[PDB]
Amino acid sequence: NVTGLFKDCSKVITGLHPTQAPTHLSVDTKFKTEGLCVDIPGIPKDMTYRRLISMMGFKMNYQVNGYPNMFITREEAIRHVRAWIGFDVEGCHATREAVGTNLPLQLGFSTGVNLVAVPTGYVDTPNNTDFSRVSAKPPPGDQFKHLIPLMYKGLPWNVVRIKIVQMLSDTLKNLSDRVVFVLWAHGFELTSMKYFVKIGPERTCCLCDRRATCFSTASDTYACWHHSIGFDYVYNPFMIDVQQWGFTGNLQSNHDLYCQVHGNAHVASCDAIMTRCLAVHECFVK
């Protein structure tokens, strides 16, 4: 039994040296014997590798005292409808030095904003994990053609995450003490949140009594939506996957049952607007 979380997407045929492999599975077969591993004199460590590690497959089903749930029930989401922000991400695929994982390319929100990121991944090396630009291409197909020019219009993730925090703060500071990302088929949205979300126990802002919604790696401080200028991470967001409410077909077919004003313009922000709109019609209309 294995998971795809942290799958090694490199094209290297062999596994790793026992001192460098993060796990027993990742150790090369040559070192495995008698249920464990052995050091083999004369077989050296690899001092130049770059192995892309997949961030697909997170499971946020922990229950730890003092840490809030990220995924919330439909009833809780309804009470916080003012905090709803639809969110969708269009990805690009790892290619060349790696294959088998999706990287965020166009991040779209129900505010109508689309942010484009440089294709970036988590590359294990002999010394650390290097969060860095990786070779990528849009998926093939006429439905993904619009992503082609975006491959060269991306911003570095350190800039994209500041822009996400600023956009959420401007939109929500007078509406809610939190954010609820409204999702449809959440897997890749949760993988994308690894790039701009941090979690921990519930905290208060550095300048007031409000709960903290943002975190700054510059000072290791917390802020609410009013005091987050310059902050780079979204802290303790909430989320709900609308697809889990009993729908059968795709997003657009279900959205179109209640709504006609949101035509599909085929872009992350449009999918984010359709997702929030469908959730609003399902929970509050008629």
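For the two forms, the rigid core is made up of the largest set of C-alpha atoms that agree within 1.5 Å on superposition. Numbering starts at 1 and follows the sequence shown.
- Comparing 34-42 with 235-243 by root mean square Cα distance to the shown form in 8 other deposited structures of this protein, with the rigid core used for the fit, gives 34-42 as the more displaced stretch.
- Stretches compared: 45-53, 250-258. Higher mean C-alpha B-factor in the entry: 250-258.
- Look at the C-alpha B-factors of 239-247 and of 58-66. On average they run higher in 239-247.
- Across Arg133, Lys163, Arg210, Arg82, the entry's maximum B-factor at the CA atom is seen for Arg210.
- Comparing C-alpha B-factors across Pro201, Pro104, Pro140, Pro126 in the deposited entry, the largest value falls on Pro140.
- Annotation for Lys194: C-alpha temperature factor in the lowest third relative to the rest of the modelled chain, per the entry.
- Sorting the modelled residues of the chain by their CA temperature factor places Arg96 in the highest third.
- For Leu25, the recorded CA B-factor ranks within the lowest third of the chain. Only modelled residues enter the ranking.
- Ranked against the other modelled residues of its chain, the C-alpha B-factor of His186 as given in the entry falls in the middle third.
- Among the modelled residues of its chain, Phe87 has a C-alpha B-factor that falls in the lowest third, as given in the PDB entry.
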